[PDB]
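Take a look at the structure below.
Quick reminder, even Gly has a Cβ in these numbers, built from the backbone with ideal geometry, and neighbours come from all protein chains shown. Rule-based calculations on the coordinates, nothing more; no lab input.
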Amino acid sequence: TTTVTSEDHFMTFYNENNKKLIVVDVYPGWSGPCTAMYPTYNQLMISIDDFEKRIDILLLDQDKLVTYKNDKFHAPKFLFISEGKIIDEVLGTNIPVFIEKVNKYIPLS
Amino acid sequence: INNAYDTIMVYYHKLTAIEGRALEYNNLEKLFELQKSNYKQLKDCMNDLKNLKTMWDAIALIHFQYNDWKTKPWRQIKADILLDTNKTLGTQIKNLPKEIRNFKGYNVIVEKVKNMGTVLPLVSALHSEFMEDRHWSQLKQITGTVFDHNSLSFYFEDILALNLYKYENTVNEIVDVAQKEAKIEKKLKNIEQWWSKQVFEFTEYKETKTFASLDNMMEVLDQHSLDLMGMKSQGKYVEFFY
């Protein structure tokens with residue numbers, strides 16, 4: 001995981017993870033999103049870096065990194081970069097039990 | 001995971017060569033169908049590569065559930081294993097139905113997942129604790145497995161060597177005989193508890209202690225005895241403590 005605070009810090013954490021994926025998580029589905037994001041950012045970091053070793057996830061601290069990545073692609077929001085270039089954009093939020101949303105999330109190219 | 005990303009490079013190399021052809025054809029021009037068909041041949045190989053991609057992806061998710069399983073063997077826990085066995089069985093069933101179409105050789109992978117579910121049913125039986133060591137030894141004699149009912153934490157790996165398909169019937173037959181014995185023992189424990197704790201108190205009449213309300217416990221003996229009559233009446237598991 002390469003936690004972002006911006007579209008600059010979202011595309012920077014993206015470009016840093018050039019071999020694997022870097023799934024920027026711009027905002028969330030409301031409901032005290034900061035604490036839930038870091039808690040999901042641990043179990044997913046176990047399911048993504050340790051279990052899968054395929055993707056990092058950069059929970060973008062409140063900006064419009066999702067809209068700028070969706071703009072730069074042409075193709076809460078979820079921007080999945082490949083060598084710092086917009087490859088996969090999917091919009092939609094989730095409540096506290098977002099394991100179903102995460103299972104639904106797994107897995108588009 | 002390395003082999004997958006390695007394959008990713010070979011495909012990108014093929015797509016490049018693929019382009020270098022598609023250039024040469026258009027450069028030629030002249031409306032030749034053979035130029036466009038060689039392309040139709042290449043696009044086929046690209047889609048097949050993409051299938052292989054989604055396949056290797058499924059394998060990685062599979063290893064993640066297989067990795068969670070070995071951690072739960074070390075953790076063990078009778079109450080934890082039963083709950084773990086239920087959810088994993090549900091998740092495993094979910095993955096197999098998700099798998100469809102793609103290329104050939106996928107059946108080889110699906111059977112590996114099918115073997116994973118059978119072990120999940122066995123873990124739940126260890127969880128219940130309906131079998132003793134004496135029951136575990138008789139099945140172990142037929143099984144010929146060095147590891148007992150509750151040997152160690154790495155026993156989940158050892159249980160693998162004894163094929164789930166080849167040694168489910170024997171273990172199932174073993175686990176079934178155990179449950180009948182757990183039931184048969186519990187009645188003996190219910191009966192042993194009744195005779196252990198009883199009280200025929202002495203109620204004074206004129207100048208003599210007397211057995212008053214002896215019927216109330218006399219009724220309980222008739223039920224226990226009718227159980228013990230029923231306990232002698234067959235019971236495969238009865239025979240051991242018969």
Please tell me if B:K186 is among the basic types (K, R) and part of a helix (DSSP H, G or I). yes
Restricted to region B:49-74 and to residues being among the aromatic types (F, W, Y) and in contact with a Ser or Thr (Cβ under 8 Å, 6 or more places away or on another chain), the residue nearest to the other protein chains (Cβ to nearest Cβ) is B:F64
Residue pairs, Cβ under 8 Å, 6 or more apart or interchain, first in region A:91-109 and within 14 Å of chain B (Cβ to nearest Cβ), second hydroxyl-bearing (S, T, Y) and outside any loop (DSSP other than H, G, I, E, B). List them. A:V102/A:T40
Name the one entry in B:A22, B:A79, B:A17 that is more than 30 Å from B:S124 (Cα to Cα), more than 12 Å from chain A (Cβ to nearest Cβ) and surrounded by fewer than 14 Cβ atoms within 10 Å (Cβ to Cβ). B:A17
Can you tell me which residue in region A:41-67 is nearest to A:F98 (Cα to Cα), limited to those that are in a helix (DSSP H, G or I), over 11 Å from the mean Cα position of the chain (by Cα) and away from chain B (no Cβ under 14 Å)? A:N42
Just the residues that are of a type in the set (S, T, N, Q) and within 13 Å of A:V66 (Cβ to Cβ), please, taken from region A:4-20. A:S6
